[PDB]
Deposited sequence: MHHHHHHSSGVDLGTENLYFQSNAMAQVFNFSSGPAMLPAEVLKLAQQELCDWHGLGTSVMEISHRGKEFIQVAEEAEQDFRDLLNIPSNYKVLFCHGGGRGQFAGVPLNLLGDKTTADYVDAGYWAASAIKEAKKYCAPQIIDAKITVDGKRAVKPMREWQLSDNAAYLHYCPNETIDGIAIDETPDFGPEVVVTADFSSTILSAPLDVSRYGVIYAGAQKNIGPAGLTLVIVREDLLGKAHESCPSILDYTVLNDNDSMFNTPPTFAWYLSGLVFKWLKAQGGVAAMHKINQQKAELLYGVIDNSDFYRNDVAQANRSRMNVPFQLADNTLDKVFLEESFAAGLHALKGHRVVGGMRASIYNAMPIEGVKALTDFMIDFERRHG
C-alpha cells in the first residue's frame, strides 16, 4: 500500500476519505474545533481562505497598533520567513534562539528569550517542518506580552493552553488536511486596532463579522478526531510514532539526525544517510515500496519524513521496516 510522507500538502485520514466517499457540515466545524482544543469563549475563531503565509502579514497588520516594533524568534526557516514579511510593516527585534546542545541543534528555553519592552507582540514558530525543530514549552510570560504563534504543522497534535496566547494561526494544509483554509484563534481584546490600510480579507475585526469545501473536509477531520478520543489520544499516538522513528534512526550508525532531543519535532523528522551517495537508490527503492515523498527540502537535502495525525502507526512501521532492510542491504 502507498504512504505519503509529504510535509505539505499532507495526507488525509483513511476514514475522512471513506466517509467522504459514502456521503457522496456548516457551522459545526468551528464548534468542534473549539471543543477539541477547549478554546475559551474570550477567543474568536476565524476560518479564512489561503495558506498560513497570509498571517505573516496578517499578524503585524492587526496587532502592531501604533507601535513600530515586535519581537520575533528565529529558530528556522518559517520563523525567518515570518520575519522577512514583517519588515514590510515594522522593524522586528530578532531573537536568535539557535544554540548547540550536546553537539546538536537546539533552541534556547523561553526564559532566556530577550524581549524588548516596546514590542507590540512576540512571534515564534513552535514547529519548523524543514528543520525538524520544535519548541514545546508552554509560554508563561507576564500579562504584558502578547504571544503570537504559527501552529501550521502541529495544531491538533497535542493539548494546547490557548489562554496563554494572543494569536494562534495555522494553515490547514499540514496537520488538518484540506488545503486552502487557514484558522486564526484571536483573543478578542486585541481586535479593533488593525492598520487603516489592512486589506479587508486580512482584517480580523472585519472578518469577525461576515463556505468552501475545505470547510466540509475539515469538519469531517474534527469529527474523526473527536471519535479517536481527541487531542489527548492523538498526542499519545503521535508520541509512539515519533519514538518508533527516532528510535530506529538513533540505534543505527547508518541513519543520522542532528536535533537535540528536547527540540525534536514529532511531526517532521529529517534525517541523513551516513553514506550520502546512497540518497538516489534510497529514494528509488523507498518510492518503489509504497513510501512516497521522502526527499528532504532542497535547502537542507537528505531525507524528511512527515508523520502527521493522518499518518497511522502502520505507515511509520512500513517506513522503519524499510529503513532497517535497506541498511541491512547497503550497510
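What portions of the deposited sequence, indexed from 1, have no corresponding C-alpha atom in the structure?
-> According to the record, the gaps fall at 1 to 26, 51 to 72, 259 to 265.
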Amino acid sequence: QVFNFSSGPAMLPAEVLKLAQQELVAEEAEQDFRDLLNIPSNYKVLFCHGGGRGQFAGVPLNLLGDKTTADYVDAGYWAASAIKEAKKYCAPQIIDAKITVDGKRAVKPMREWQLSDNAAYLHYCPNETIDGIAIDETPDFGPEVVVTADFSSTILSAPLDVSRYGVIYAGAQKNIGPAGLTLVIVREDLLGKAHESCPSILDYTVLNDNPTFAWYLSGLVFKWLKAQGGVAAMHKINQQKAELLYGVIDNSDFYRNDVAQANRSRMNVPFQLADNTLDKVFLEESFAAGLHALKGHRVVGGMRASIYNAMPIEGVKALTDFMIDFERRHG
From here on, numbers count along this sequence of modelled residues.
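Entry-level comparison of average CA B-factors, 129 to 137 and 172 to 180, reporting the higher stretch = Looking at the recorded C-alpha B-factors, 172 to 180 comes out higher on average.
Which of the two stretches, 195 to 203 or 229 to 237, shows the higher mean Cα temperature factor in the record?
-> If you average the C-alpha B-factors of 195 to 203 and of 229 to 237, the larger mean comes out for 229 to 237.
C-alpha B-factor winner, where the candidates are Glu85, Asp71, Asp250, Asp209 | The listed residue with the largest C-alpha B-factor is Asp209.
Among the candidates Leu283, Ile39, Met267, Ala262, give the one with the maximum CA B-factor reported in the record.
-> Largest recorded C-alpha B-factor: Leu283.
Would you mind ranking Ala57 by its C-alpha B-factor against the rest of the chain and naming the third, lowest, middle or highest?
-> Its C-alpha B-factor, which the entry lists for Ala57, ranks in the lowest third among residues of this chain.
Should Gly142 be placed in the lowest, middle or highest third of its chain by the C-alpha B factor in the entry?
-> Tercile = highest for this residue's CA B-factor.
Chain third (lowest, middle, highest) by recorded CA B-factor, residue given as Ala242 = Within its chain, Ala242 is a middle-third residue by C-alpha B-factor, going by the deposited values.
Just say lowest, middle or highest third for the CA B-factor of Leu63 relative to the other modelled residues in its chain.
-> Tercile = lowest for this residue's CA B-factor.
For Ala91, the third of its chain into which the C-alpha B factor falls = Tercile = lowest for this residue's CA B-factor.
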